[PDB]
Structures are given as structure tokens and as C-alpha cells.
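Engineer: Input target.tsv, format and content: TSV, C-alpha atoms and all ligand atoms.
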chain	number	residue	atom	x	y	z
G	11	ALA	CA	-5.07	11.41	-23.79
G	12	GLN	CA	-5.15	12.63	-20.19
G	13	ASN	CA	-1.97	12.67	-18.08
G	14	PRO	CA	0.26	11.17	-20.82
G	15	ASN	CA	3.43	11.55	-18.72
G	16	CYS	CA	1.77	9.47	-15.92
G	17	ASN	CA	2.35	12.09	-13.20
G	18	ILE	CA	0.91	11.58	-9.72
G	19	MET	CA	-2.12	13.79	-9.48
G	20	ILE	CA	-3.45	15.45	-6.32
G	21	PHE	CA	-7.16	16.10	-5.83
G	22	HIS	CA	-9.03	18.47	-3.60
G	23	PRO	CA	-12.68	17.35	-3.63
G	24	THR	CA	-15.28	19.60	-2.20
G	25	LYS	CA	-17.62	18.36	0.50
G	26	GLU	CA	-20.25	17.68	-2.13
G	27	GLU	CA	-17.76	15.78	-4.34
G	28	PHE	CA	-16.76	13.68	-1.30
G	29	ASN	CA	-20.18	12.10	-0.97
G	30	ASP	CA	-20.08	9.51	-3.68
G	31	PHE	CA	-16.85	7.48	-3.52
G	32	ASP	CA	-17.21	5.52	-6.76
G	33	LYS	CA	-18.16	8.64	-8.66
G	34	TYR	CA	-14.98	10.44	-7.51
G	35	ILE	CA	-12.73	7.49	-8.36
G	36	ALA	CA	-14.27	7.59	-11.85
G	37	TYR	CA	-13.75	11.33	-12.04
G	38	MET	CA	-10.06	10.99	-11.09
G	39	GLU	CA	-9.67	8.39	-13.80
G	40	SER	CA	-11.39	10.71	-16.32
G	41	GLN	CA	-8.50	13.11	-15.59
G	42	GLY	CA	-5.91	10.37	-16.16
G	43	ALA	CA	-5.00	9.82	-12.54
G	44	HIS	CA	-4.70	6.07	-12.88
G	45	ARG	CA	-1.90	6.39	-15.40
G	46	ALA	CA	0.44	7.20	-12.56
G	47	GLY	CA	-0.58	4.18	-10.48
G	48	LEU	CA	-1.14	6.40	-7.40
G	49	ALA	CA	-3.13	9.52	-6.62
G	50	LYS	CA	-3.38	11.71	-3.52
G	51	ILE	CA	-6.72	12.94	-2.21
G	52	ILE	CA	-6.85	15.75	0.24
G	53	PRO	CA	-10.24	15.69	1.99
G	54	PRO	CA	-12.31	18.88	2.23
G	55	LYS	CA	-11.71	21.02	5.26
G	56	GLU	CA	-15.15	20.16	6.68
G	57	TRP	CA	-14.27	16.44	6.97
G	58	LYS	CA	-12.73	14.47	9.76
G	59	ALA	CA	-12.08	10.68	10.17
G	60	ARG	CA	-12.87	10.67	13.92
G	61	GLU	CA	-12.87	13.17	16.71
G	62	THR	CA	-9.53	12.41	18.37
G	63	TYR	CA	-6.78	9.90	18.50
G	64	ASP	CA	-6.45	10.21	22.29
G	65	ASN	CA	-7.86	6.83	23.05
G	66	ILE	CA	-5.96	4.42	20.78
G	67	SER	CA	-3.16	3.25	23.08
G	68	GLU	CA	-4.82	0.01	24.16
G	69	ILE	CA	-5.07	-1.45	20.70
G	70	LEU	CA	-2.99	-4.60	20.55
G	71	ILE	CA	-0.30	-5.38	18.03
G	72	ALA	CA	-0.46	-9.09	18.49
G	73	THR	CA	2.51	-9.89	16.26
G	74	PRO	CA	4.87	-6.96	15.70
G	75	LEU	CA	7.30	-7.68	12.87
G	76	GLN	CA	11.01	-6.77	12.81
G	77	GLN	CA	12.07	-6.05	9.23
G	78	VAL	CA	15.57	-7.44	8.82
G	79	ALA	CA	17.37	-6.56	5.55
G	80	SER	CA	19.88	-8.41	3.39
G	81	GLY	CA	21.66	-7.28	0.23
G	82	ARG	CA	22.96	-3.80	-0.53
G	83	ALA	CA	21.73	-0.37	0.26
G	84	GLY	CA	19.80	0.10	-2.91
G	85	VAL	CA	18.90	-3.52	-3.69
G	86	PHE	CA	17.79	-5.60	-0.74
G	87	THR	CA	15.24	-8.00	0.62
G	88	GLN	CA	13.63	-7.94	3.98
G	89	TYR	CA	12.29	-10.74	6.14
G	90	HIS	CA	9.86	-10.35	8.92
G	91	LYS	CA	10.84	-11.64	12.31
G	92	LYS	CA	7.97	-12.10	14.74
G	93	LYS	CA	8.15	-10.26	18.06
G	94	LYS	CA	6.20	-10.46	21.26
G	95	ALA	CA	2.84	-8.62	21.39
G	96	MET	CA	2.58	-5.09	22.57
G	97	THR	CA	0.01	-2.31	22.72
G	98	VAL	CA	0.00	0.69	20.50
G	99	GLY	CA	1.08	2.76	23.52
G	100	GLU	CA	4.02	0.53	24.05
G	101	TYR	CA	4.84	0.62	20.33
G	102	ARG	CA	4.71	4.44	20.21
G	103	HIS	CA	7.16	4.59	23.08
G	104	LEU	CA	9.45	2.18	21.28
G	105	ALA	CA	9.26	4.14	18.04
G	106	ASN	CA	10.23	7.30	19.91
G	107	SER	CA	13.19	5.71	21.74
G	108	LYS	CA	16.66	6.57	20.89
G	109	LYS	CA	17.25	3.32	19.03
G	110	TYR	CA	14.29	3.84	16.65
G	111	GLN	CA	13.50	7.52	16.47
G	112	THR	CA	13.68	9.55	13.32
G	113	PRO	CA	17.05	11.35	13.05
G	114	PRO	CA	17.30	15.09	12.70
G	115	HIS	CA	16.76	16.12	9.08
G	116	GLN	CA	16.24	19.24	6.99
G	117	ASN	CA	13.29	18.28	4.79
G	118	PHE	CA	11.60	15.18	3.17
G	119	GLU	CA	14.43	14.89	0.60
G	120	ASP	CA	17.20	14.79	3.26
G	121	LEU	CA	15.27	12.16	5.10
G	122	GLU	CA	14.81	10.16	1.89
G	123	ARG	CA	18.48	10.26	1.36
G	124	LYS	CA	19.17	8.98	4.91
G	125	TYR	CA	16.60	6.22	4.42
G	126	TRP	CA	18.26	4.82	1.26
G	127	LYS	CA	21.75	5.24	2.64
G	128	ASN	CA	21.13	3.57	5.98
G	129	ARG	CA	17.99	1.45	6.00
G	130	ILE	CA	19.76	-1.87	5.68
G	131	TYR	CA	21.77	-1.30	8.82
G	132	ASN	CA	18.75	-1.14	11.10
G	133	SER	CA	15.77	-3.44	11.69
G	134	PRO	CA	12.66	-1.44	12.49
G	135	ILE	CA	9.58	-2.99	14.01
G	136	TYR	CA	6.07	-2.59	12.77
G	137	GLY	CA	2.51	-3.53	13.18
G	138	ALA	CA	0.91	-4.70	10.01
G	139	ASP	CA	-2.30	-6.06	8.63
G	140	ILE	CA	-4.17	-5.63	11.91
G	141	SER	CA	-7.87	-6.07	11.19
G	142	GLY	CA	-9.72	-3.06	12.42
G	143	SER	CA	-10.68	0.55	11.77
G	144	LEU	CA	-10.18	3.95	13.29
G	145	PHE	CA	-12.95	5.66	11.39
G	146	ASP	CA	-15.86	6.80	13.50
G	147	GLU	CA	-19.03	5.04	12.57
G	148	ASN	CA	-20.63	8.42	12.11
G	149	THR	CA	-18.11	9.39	9.35
G	150	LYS	CA	-20.17	8.98	6.26
G	151	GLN	CA	-17.74	10.06	3.59
G	152	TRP	CA	-14.67	7.99	2.67
G	153	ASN	CA	-15.01	5.66	5.63
G	154	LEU	CA	-12.82	2.75	4.73
G	155	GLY	CA	-14.96	0.33	6.69
G	156	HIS	CA	-18.08	1.27	4.72
G	157	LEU	CA	-17.07	0.96	1.13
G	158	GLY	CA	-18.75	-1.33	-1.34
G	159	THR	CA	-17.29	-4.77	-1.22
G	160	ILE	CA	-15.27	-6.42	-3.93
G	161	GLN	CA	-17.57	-9.45	-3.73
G	162	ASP	CA	-20.51	-7.20	-4.49
G	163	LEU	CA	-18.65	-5.54	-7.35
G	164	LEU	CA	-17.99	-8.84	-8.86
G	165	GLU	CA	-21.52	-9.94	-8.51
G	166	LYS	CA	-22.77	-6.68	-10.03
G	167	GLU	CA	-20.41	-6.93	-13.01
G	168	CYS	CA	-20.43	-10.61	-13.71
G	169	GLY	CA	-23.62	-11.86	-12.15
G	170	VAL	CA	-22.51	-14.47	-9.67
G	171	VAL	CA	-22.63	-14.33	-5.89
G	172	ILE	CA	-19.48	-15.34	-4.14
G	173	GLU	CA	-18.42	-15.94	-0.57
G	174	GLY	CA	-16.02	-13.63	1.18
G	175	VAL	CA	-15.66	-10.41	3.03
G	176	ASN	CA	-13.58	-7.31	2.64
G	177	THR	CA	-12.51	-5.34	5.85
G	178	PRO	CA	-9.83	-2.72	6.58
G	179	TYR	CA	-6.44	-3.14	8.11
G	180	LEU	CA	-4.38	-0.95	10.41
G	181	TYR	CA	-0.63	-0.35	10.18
G	182	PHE	CA	1.48	1.15	12.96
G	183	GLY	CA	4.87	2.27	11.65
G	184	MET	CA	8.12	3.82	12.77
G	185	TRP	CA	11.14	5.37	11.11
G	186	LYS	CA	12.46	3.08	8.32
G	187	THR	CA	9.45	0.77	8.38
G	188	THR	CA	9.25	-0.36	4.76
G	189	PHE	CA	6.70	-1.65	2.31
G	190	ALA	CA	8.30	-3.61	-0.47
G	191	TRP	CA	7.55	-3.36	-4.18
G	192	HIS	CA	4.22	-4.92	-5.04
G	193	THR	CA	0.89	-4.66	-6.70
G	194	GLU	CA	-2.24	-5.62	-4.75
G	195	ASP	CA	-3.64	-9.08	-4.64
G	196	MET	CA	-5.35	-9.74	-7.90
G	197	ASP	CA	-4.21	-6.28	-9.09
G	198	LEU	CA	-6.93	-4.64	-7.03
G	199	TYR	CA	-7.10	-0.95	-6.15
G	200	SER	CA	-6.05	0.10	-2.65
G	201	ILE	CA	-7.04	3.09	-0.58
G	202	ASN	CA	-4.90	4.31	2.22
G	203	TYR	CA	-5.50	6.84	4.95
G	204	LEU	CA	-2.85	8.25	7.20
G	205	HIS	CA	-4.65	8.74	10.47
G	206	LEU	CA	-1.92	10.07	12.71
G	207	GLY	CA	1.79	10.82	12.98
G	208	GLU	CA	4.69	11.21	10.73
G	209	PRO	CA	4.66	10.92	6.90
G	210	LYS	CA	4.82	7.98	4.60
G	211	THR	CA	6.87	8.31	1.31
G	212	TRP	CA	5.62	6.39	-1.68
G	213	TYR	CA	7.24	5.26	-4.91
G	214	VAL	CA	5.09	4.14	-7.81
G	215	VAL	CA	5.51	2.71	-11.36
G	216	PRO	CA	2.79	3.58	-13.94
G	217	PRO	CA	0.64	0.47	-14.68
G	218	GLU	CA	1.54	0.69	-18.36
G	219	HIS	CA	5.19	0.20	-17.39
G	220	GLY	CA	4.83	-2.45	-14.66
G	221	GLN	CA	6.52	-5.13	-16.72
G	222	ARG	CA	9.67	-3.01	-16.86
G	223	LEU	CA	9.89	-3.13	-13.14
G	224	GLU	CA	9.27	-6.88	-13.17
G	225	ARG	CA	12.10	-7.42	-15.64
G	226	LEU	CA	14.52	-5.42	-13.53
G	227	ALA	CA	13.43	-7.24	-10.40
G	228	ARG	CA	14.14	-10.58	-12.05
G	229	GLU	CA	17.62	-9.34	-12.93
G	230	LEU	CA	18.35	-7.95	-9.46
G	231	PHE	CA	16.95	-10.91	-7.45
G	232	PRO	CA	17.87	-13.89	-9.56
G	233	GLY	CA	17.50	-16.64	-7.01
G	234	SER	CA	14.10	-15.32	-5.98
G	235	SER	CA	13.00	-15.17	-9.55
G	236	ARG	CA	13.96	-18.77	-10.21
G	237	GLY	CA	11.90	-19.70	-7.20
G	238	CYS	CA	8.70	-18.02	-8.29
G	239	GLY	CA	7.46	-16.46	-11.49
G	240	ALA	CA	5.57	-13.83	-9.52
G	241	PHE	CA	8.00	-13.35	-6.65
G	242	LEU	CA	7.23	-9.66	-6.16
G	243	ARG	CA	3.97	-10.85	-4.66
G	244	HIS	CA	6.03	-12.16	-1.78
G	245	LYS	CA	6.40	-8.45	-0.83
G	246	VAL	CA	10.02	-8.64	0.23
G	247	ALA	CA	12.10	-6.86	-2.45
G	248	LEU	CA	13.30	-3.27	-2.38
G	249	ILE	CA	14.95	-1.28	-5.20
G	250	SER	CA	15.95	2.35	-4.54
G	251	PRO	CA	15.01	5.32	-6.74
G	252	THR	CA	18.67	5.66	-7.73
G	253	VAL	CA	18.74	2.11	-9.01
G	254	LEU	CA	15.45	2.54	-10.81
G	255	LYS	CA	16.77	5.70	-12.46
G	256	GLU	CA	20.05	3.96	-13.49
G	257	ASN	CA	17.96	1.33	-15.17
G	258	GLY	CA	15.54	3.67	-16.88
G	259	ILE	CA	12.49	2.52	-15.01
G	260	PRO	CA	9.60	5.04	-15.18
G	261	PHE	CA	8.52	5.98	-11.65
G	262	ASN	CA	7.30	8.75	-9.42
G	263	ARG	CA	7.46	9.63	-5.79
G	264	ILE	CA	5.29	11.52	-3.30
G	265	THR	CA	5.01	11.96	0.43
G	266	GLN	CA	1.68	11.40	2.23
G	267	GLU	CA	0.97	13.35	5.37
G	268	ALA	CA	-1.56	12.79	8.18
G	269	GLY	CA	-5.04	13.47	7.05
G	270	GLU	CA	-4.46	12.52	3.39
G	271	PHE	CA	-5.68	9.58	1.36
G	272	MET	CA	-3.68	7.72	-1.28
G	273	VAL	CA	-5.32	5.52	-3.91
G	274	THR	CA	-3.35	2.89	-5.76
G	275	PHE	CA	-4.69	1.75	-9.10
G	276	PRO	CA	-4.83	-1.70	-10.65
G	277	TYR	CA	-1.36	-2.95	-11.50
G	278	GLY	CA	0.37	0.13	-10.07
G	279	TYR	CA	3.51	-1.19	-8.39
G	280	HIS	CA	4.35	0.68	-5.23
G	281	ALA	CA	6.80	0.72	-2.33
G	282	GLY	CA	7.72	3.16	0.41
G	283	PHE	CA	8.72	3.94	3.97
G	284	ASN	CA	7.56	5.67	7.10
G	285	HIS	CA	9.23	8.77	8.48
G	286	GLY	CA	8.48	8.09	12.14
G	287	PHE	CA	5.65	6.82	14.36
G	288	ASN	CA	2.41	6.73	12.43
G	289	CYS	CA	-0.86	4.93	11.95
G	290	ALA	CA	-2.49	4.21	8.63
G	291	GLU	CA	-5.58	2.30	7.54
G	292	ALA	CA	-5.97	0.56	4.20
G	293	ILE	CA	-8.33	-1.63	2.27
G	294	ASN	CA	-8.54	-3.04	-1.22
G	295	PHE	CA	-11.43	-2.20	-3.50
G	296	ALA	CA	-12.71	-2.72	-7.07
G	297	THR	CA	-14.49	-0.85	-9.80
G	298	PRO	CA	-15.82	-2.02	-13.12
G	299	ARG	CA	-12.48	-1.14	-14.72
G	300	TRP	CA	-10.72	-3.55	-12.40
G	301	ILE	CA	-12.34	-6.67	-13.76
G	302	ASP	CA	-10.03	-7.01	-16.74
G	303	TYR	CA	-7.01	-6.48	-14.56
G	304	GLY	CA	-8.28	-9.22	-12.22
G	305	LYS	CA	-8.63	-11.64	-15.11
G	306	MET	CA	-4.99	-11.08	-16.15
G	307	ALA	CA	-3.29	-10.77	-12.73
G	308	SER	CA	-0.24	-12.96	-12.22
G	309	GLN	CA	-0.31	-15.32	-9.36
G	310	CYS	CA	2.18	-16.74	-6.94
G	311	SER	CA	1.71	-20.49	-6.66
G	312	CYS	CA	5.11	-21.43	-5.08
G	313	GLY	CA	3.67	-21.25	-1.65
G	314	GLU	CA	5.38	-18.24	-0.17
G	315	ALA	CA	2.68	-15.66	-0.88
G	316	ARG	CA	-0.03	-15.91	1.86
G	317	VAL	CA	-3.13	-17.96	2.40
G	318	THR	CA	-5.91	-15.61	1.36
G	319	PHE	CA	-9.53	-16.62	1.87
G	320	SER	CA	-11.40	-13.98	-0.11
G	321	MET	CA	-8.95	-14.40	-2.83
G	322	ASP	CA	-9.99	-17.86	-3.67
G	323	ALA	CA	-13.22	-16.84	-5.21
G	324	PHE	CA	-11.61	-14.16	-7.33
G	325	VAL	CA	-9.16	-16.70	-8.85
G	326	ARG	CA	-11.90	-19.34	-9.15
G	327	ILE	CA	-14.27	-17.09	-11.11
G	328	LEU	CA	-11.83	-14.84	-13.04
G	329	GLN	CA	-9.00	-17.31	-13.70
G	330	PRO	CA	-10.49	-20.80	-13.83
G	331	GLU	CA	-7.58	-22.27	-15.83
G	332	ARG	CA	-5.15	-21.18	-13.03
G	333	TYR	CA	-7.29	-22.07	-10.12
G	334	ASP	CA	-6.18	-25.58	-9.36
G	335	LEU	CA	-2.46	-24.65	-9.48
G	336	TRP	CA	-3.00	-21.53	-7.38
G	337	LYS	CA	-4.98	-23.58	-4.81
G	338	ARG	CA	-2.21	-26.20	-4.54
G	339	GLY	CA	-0.04	-23.22	-3.58
G	340	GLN	CA	-2.45	-22.21	-0.84
U	1	LIG	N1	-1.40	-0.79	-0.68
U	1	LIG	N2	-0.95	-0.02	0.32
U	1	LIG	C1	0.31	-0.19	0.66
U	1	LIG	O1	0.97	-1.01	0.11
U	1	LIG	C2	0.83	0.61	1.85
U	1	LIG	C3	0.06	0.07	3.10
U	1	LIG	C4	0.32	0.78	4.39
U	1	LIG	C5	1.66	0.41	4.91
U	1	LIG	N3	2.41	1.17	5.63
U	1	LIG	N4	3.51	0.50	5.90
U	1	LIG	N5	3.34	-0.67	5.32
U	1	LIG	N6	2.23	-0.74	4.74
U	2	CL	CL	19.45	7.12	9.54
U	3	NI	NI	-0.11	-1.98	-1.42
U	4	ZN	ZN	5.78	-17.27	-5.02
Turn this file's structure into C-alpha cells for me.
Ligand SMILES: [NH3+]NC(=O)CCCc1nn[nH]n1
Ligand SMILES: [Cl-]
Ligand code: NI
Ligand SMILES: [Zn+2]

Structural biologist:
Amino acid sequence: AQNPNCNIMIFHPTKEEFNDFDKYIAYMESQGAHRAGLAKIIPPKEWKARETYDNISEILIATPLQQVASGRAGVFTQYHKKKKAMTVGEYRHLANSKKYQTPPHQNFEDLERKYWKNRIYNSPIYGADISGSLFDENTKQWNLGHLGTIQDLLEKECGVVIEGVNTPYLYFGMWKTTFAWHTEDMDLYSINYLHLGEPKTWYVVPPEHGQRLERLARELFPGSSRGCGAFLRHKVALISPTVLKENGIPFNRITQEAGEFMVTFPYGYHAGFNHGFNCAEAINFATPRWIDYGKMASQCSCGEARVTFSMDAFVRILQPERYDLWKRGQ
């Protein structure tokens, strides 16, 4: 059995290996990468996403979100407070201001320590889920806007055409910007490219151990749990590595730097934070191996988790017994 300890694996594909995306995902899985829930992919030296990032400042962040915490340093929720629009240039300036800039620090571990110690006492602002792409149209390899769609995967595996589209999203982050513990919608894969700026630290629970995290989460956020049987899909709960370790939860951590891809695997819970101003691009995707995860994915039907158009078809086809309840929640 490959990668039995579920370690995060790091890959260095050659330019030839970088041609066929699906083939490389399958290769990583042949090596046990999925057991971790997350893998890093360092592109070959010959590859670039686009020529420069000199011309990005006029992108609009129509609804920046201020992430306001409640709870305790290691066990907290965050709510997103809507802010007035601003451009990416304006946002970069804000991220670099004295109020929001990354403190002095010795290394990634010192900064991680500062994050967990102090995150709750600040409310960073971020740009999330902005439809768009920063890949040049002439980038043929690992262009997140040119992957096979999940609708086409489903049609190829199961035989039925469905409505829906699948496009990438941009994220503009700053110091302490946080992504809460979650799996993807319908336990899909995600791919994630860090275009520019400071790192993003990730935490991940092996898929085979995801229920352990769910059990702990229900214990640590009891009101939330009573509210919804799948409340982690609300994407608001944070649990620190110290707390996870105290509770015996299997996990791993890694830091992504500019120019690196991260793949999350079906049912791999993940969370993390940004070190400073950055821009990332992400999209969900599927493979044949996903289908059985999609059929078994939990769903939030309490109403809090988000209206999702492309999701409808996935629930309708893969989870017909749950469909009507899920839809009432939409
Ligand atoms: N699935 N990918 C993730 O959950 C991380 C997405 C990129 C991100 N960066 N800050 N919040 N989100
Ligand atoms: Cl700090
Ligand atoms: Ni995610
Ligand atoms: Zn819910």
C-alpha cells in the first residue's frame, strides 16, 4: 500500500509529464498521494502561468470580506462582513499598510505560531470567489481555465448530459486571511495555484480519517452542530494544530509558495491562512475515482451553505433520494 502514513507528497513533473493533466493526477494517486488529502506540484522550470503580473491592479474586488472571529485562539468561528468594493491595487496597498501587514518573523514556523496566537484579535479583509483567471490563454499546460469540466466527467462516466459550467475563481489575500475547515462541494477535488505574493499555509486531514475531524468539530462547536448535520460545509470553523494534536486527530501541514500548485483530493478536509498579500486561483475538478465520493458526500440542507447552480445536477443525478431536501435548502 502506497503512502500508508498519509504524508503530503511533493511532485516535480517534467515538461513532458506536465502535458496530460488527468494522466498526472492518476500517476500521483498511483504513488499514494491522495491518502494525504493534499499534494504539492512544482511545475517544471520551462513553464510559466503568464508573462507578468504587472497589469493586474485594475481587477475589481466587488465585495471584499472582513473575517471577524469569535471564540478562543485555537477554536473559533469567523463571519464575513461585506465591505465596499475596491481594486486589486487598492487592496494590495491596504494589505501592506501598517494595520494589516505581516509582522516581522524568523521563518514559516514563527509566523505560524503568531497566526494561531493572535488571529482572533484582528479582522483581515479578503477577496474571495472572484470569477476569473490569470492564466494566459497561450499557457497550454495546467491552465486552470482549460481543464475538463466536471459536467463532462459525469457524462463520460455515467452517460447523462447535464447542465452547468465549471470556471475558476481568484482569491486576493493578506496576512491572517483564513480558509476554514472544509471539504469541497460534493467532495470534489480542487486545484490551487499561487500566482503571486506571499505564502499560503495549509492543514489537511487524510480522507480516511475525515470523520475524526467531524466528530471533534461537533464537540467543539455544539450549537453549530445542532443547527446542521453538515455544518463544516458552512466554511466558518477553525481548529488549531495544537487542538487537533491534543485530540489525536491525524493531520499534516505544508506551506505553498508562489509558483506552486496544490491539489486537494476527494474528502480531504483542509484549512489554512495567508502570510501576506497574495493572489491565488482555484477550481474544482473530477476524475473517475471521484464519482463514488460524490454519491456519498454529505450535504448541508439547513440553508446556510450557499446557493450553488452547478451543484444541483450533481445532487440530482448522484443523490436522488436527497435531492428534494437539499433543494428545499437552496
Ligand atoms: N480548495 N481550496 C481552498 O480551500 C483554498 C482556496 C484559496 C483560498 N485562499 N484563501 N482562501 N481561499
Ligand atoms: Cl501577529
Ligand atoms: Ni477548498
Ligand atoms: Zn447547514

Engineer: As number ranges by chain, please: every protein or nucleic acid residue near ligand ZN 4 (chain U) (cut-off 9 Å, counting all atoms listed in the file).

Structural biologist: G: 234-235, 237-244, 309-315, 339

Engineer: Taking C-alpha atoms for each residue, export the selection above as an mmCIF file, keeping the file's coordinate frame.

Structural biologist:
data_model
loop_
_atom_site.group_PDB
_atom_site.id
_atom_site.type_symbol
_atom_site.label_atom_id
_atom_site.label_comp_id
_atom_site.auth_asym_id
_atom_site.auth_seq_id
_atom_site.Cartn_x
_atom_site.Cartn_y
_atom_site.Cartn_z
ATOM 1 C CA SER G 234 14.100 -15.320 -5.980
ATOM 2 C CA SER G 235 13.000 -15.170 -9.550
ATOM 3 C CA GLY G 237 11.900 -19.700 -7.200
ATOM 4 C CA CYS G 238 8.700 -18.020 -8.290
ATOM 5 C CA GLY G 239 7.460 -16.460 -11.490
ATOM 6 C CA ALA G 240 5.570 -13.830 -9.520
ATOM 7 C CA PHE G 241 8.000 -13.350 -6.650
ATOM 8 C CA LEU G 242 7.230 -9.660 -6.160
ATOM 9 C CA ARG G 243 3.970 -10.850 -4.660
ATOM 10 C CA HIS G 244 6.030 -12.160 -1.780
ATOM 11 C CA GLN G 309 -0.310 -15.320 -9.360
ATOM 12 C CA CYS G 310 2.180 -16.740 -6.940
ATOM 13 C CA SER G 311 1.710 -20.490 -6.660
ATOM 14 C CA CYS G 312 5.110 -21.430 -5.080
ATOM 15 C CA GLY G 313 3.670 -21.250 -1.650
ATOM 16 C CA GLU G 314 5.380 -18.240 -0.170
ATOM 17 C CA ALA G 315 2.680 -15.660 -0.880
ATOM 18 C CA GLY G 339 -0.040 -23.220 -3.580
#

Engineer: To one decimal place, how far is atom CA of residue 96 of chain G from atom CA of residue 74 of chain G in Å?

Structural biologist: 7.5 Å

Engineer: With all atoms listed in the file counted and 8 Å as the cut-off, give the residues of chain G in contact with ligand CL 2 (chain U), each with its shortest interatomic distance in Å and the pair that gives it, as CSV.

Structural biologist:
residue,atom,partner,partner_atom,distance
G:112,CA,U:CL2,CL,7.3
G:113,CA,U:CL2,CL,6.0
G:121,CA,U:CL2,CL,7.9
G:124,CA,U:CL2,CL,5.0
G:125,CA,U:CL2,CL,5.9
G:127,CA,U:CL2,CL,7.5
G:128,CA,U:CL2,CL,5.3
G:129,CA,U:CL2,CL,6.8

Engineer: Those same residues, written as a short mmCIF file (atom, residue, chain, number, x, y, z; two decimals), keeping the file's coordinate frame with C-alpha atoms?

Structural biologist:
data_model
loop_
_atom_site.label_atom_id
_atom_site.label_comp_id
_atom_site.auth_asym_id
_atom_site.auth_seq_id
_atom_site.Cartn_x
_atom_site.Cartn_y
_atom_site.Cartn_z
CA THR G 112 13.68 9.55 13.32
CA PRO G 113 17.05 11.35 13.05
CA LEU G 121 15.27 12.16 5.10
CA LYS G 124 19.17 8.98 4.91
CA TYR G 125 16.60 6.22 4.42
CA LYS G 127 21.75 5.24 2.64
CA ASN G 128 21.13 3.57 5.98
CA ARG G 129 17.99 1.45 6.00
#

Engineer: What separation in Å, quoted to one decimal, exists between atom CA of residue 334 of chain G and atom CA of residue 236 of chain G?

Structural biologist: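 Going from atom CA of residue 334 of chain G over to atom CA of residue 236 of chain G covers 21.3 Å.
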
Engineer: By how many Å are atom CA of residue 209 of chain G and atom CA of residue 267 of chain G apart?

Structural biologist: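 Here the two named atoms are 4.7 Å from each other.
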
Engineer: Since the input lacks atoms, please generate N, CA and C atoms for segment 142-156 of chain G and provide them as a PDB file, in the frame of the given file.

Structural biologist:
ATOM      1  N   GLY G 142      -9.100  -4.083  11.603  1.00  0.00           N
ATOM      2  CA  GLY G 142      -9.720  -3.060  12.420  1.00  0.00           C
ATOM      3  C   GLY G 142      -9.894  -1.788  11.666  1.00  0.00           C
ATOM      4  N   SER G 143     -10.482  -0.790  12.343  1.00  0.00           N
ATOM      5  CA  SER G 143     -10.680   0.550  11.770  1.00  0.00           C
ATOM      6  C   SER G 143     -10.658   1.605  12.841  1.00  0.00           C
ATOM      7  N   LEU G 144     -10.155   2.764  12.461  1.00  0.00           N
ATOM      8  CA  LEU G 144     -10.180   3.950  13.290  1.00  0.00           C
ATOM      9  C   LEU G 144     -11.145   5.040  12.791  1.00  0.00           C
ATOM     10  N   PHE G 145     -11.962   4.740  11.816  1.00  0.00           N
ATOM     11  CA  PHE G 145     -12.950   5.660  11.390  1.00  0.00           C
ATOM     12  C   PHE G 145     -14.149   5.576  12.336  1.00  0.00           C
ATOM     13  N   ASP G 146     -14.658   6.710  12.684  1.00  0.00           N
ATOM     14  CA  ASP G 146     -15.860   6.800  13.500  1.00  0.00           C
ATOM     15  C   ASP G 146     -16.990   6.309  12.670  1.00  0.00           C
ATOM     16  N   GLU G 147     -17.897   5.576  13.286  1.00  0.00           N
ATOM     17  CA  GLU G 147     -19.030   5.040  12.570  1.00  0.00           C
ATOM     18  C   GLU G 147     -19.890   6.119  12.017  1.00  0.00           C
ATOM     19  N   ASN G 148     -19.838   7.313  12.594  1.00  0.00           N
ATOM     20  CA  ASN G 148     -20.630   8.420  12.110  1.00  0.00           C
ATOM     21  C   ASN G 148     -19.978   9.193  10.956  1.00  0.00           C
ATOM     22  N   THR G 149     -18.748   8.834  10.553  1.00  0.00           N
ATOM     23  CA  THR G 149     -18.110   9.390   9.350  1.00  0.00           C
ATOM     24  C   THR G 149     -18.667   8.741   8.134  1.00  0.00           C
ATOM     25  N   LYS G 150     -19.431   9.527   7.379  1.00  0.00           N
ATOM     26  CA  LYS G 150     -20.170   8.980   6.260  1.00  0.00           C
ATOM     27  C   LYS G 150     -19.457   8.989   4.934  1.00  0.00           C
ATOM     28  N   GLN G 151     -18.463   9.846   4.818  1.00  0.00           N
ATOM     29  CA  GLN G 151     -17.740  10.060   3.590  1.00  0.00           C
ATOM     30  C   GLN G 151     -16.359   9.376   3.716  1.00  0.00           C
ATOM     31  N   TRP G 152     -15.994   8.581   2.748  1.00  0.00           N
ATOM     32  CA  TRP G 152     -14.670   7.990   2.670  1.00  0.00           C
ATOM     33  C   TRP G 152     -14.267   7.233   3.942  1.00  0.00           C
ATOM     34  N   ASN G 153     -15.225   6.514   4.492  1.00  0.00           N
ATOM     35  CA  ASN G 153     -15.010   5.660   5.630  1.00  0.00           C
ATOM     36  C   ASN G 153     -14.624   4.317   5.049  1.00  0.00           C
ATOM     37  N   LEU G 154     -13.400   3.938   5.310  1.00  0.00           N
ATOM     38  CA  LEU G 154     -12.820   2.750   4.730  1.00  0.00           C
ATOM     39  C   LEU G 154     -13.447   1.444   5.127  1.00  0.00           C
ATOM     40  N   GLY G 155     -14.192   1.464   6.216  1.00  0.00           N
ATOM     41  CA  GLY G 155     -14.960   0.330   6.690  1.00  0.00           C
ATOM     42  C   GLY G 155     -16.342   0.284   6.111  1.00  0.00           C
ATOM     43  N   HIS G 156     -16.723   1.219   5.257  1.00  0.00           N
ATOM     44  CA  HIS G 156     -18.080   1.270   4.720  1.00  0.00           C
ATOM     45  C   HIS G 156     -18.102   1.375   3.221  1.00  0.00           C
TER      46      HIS G 156
END
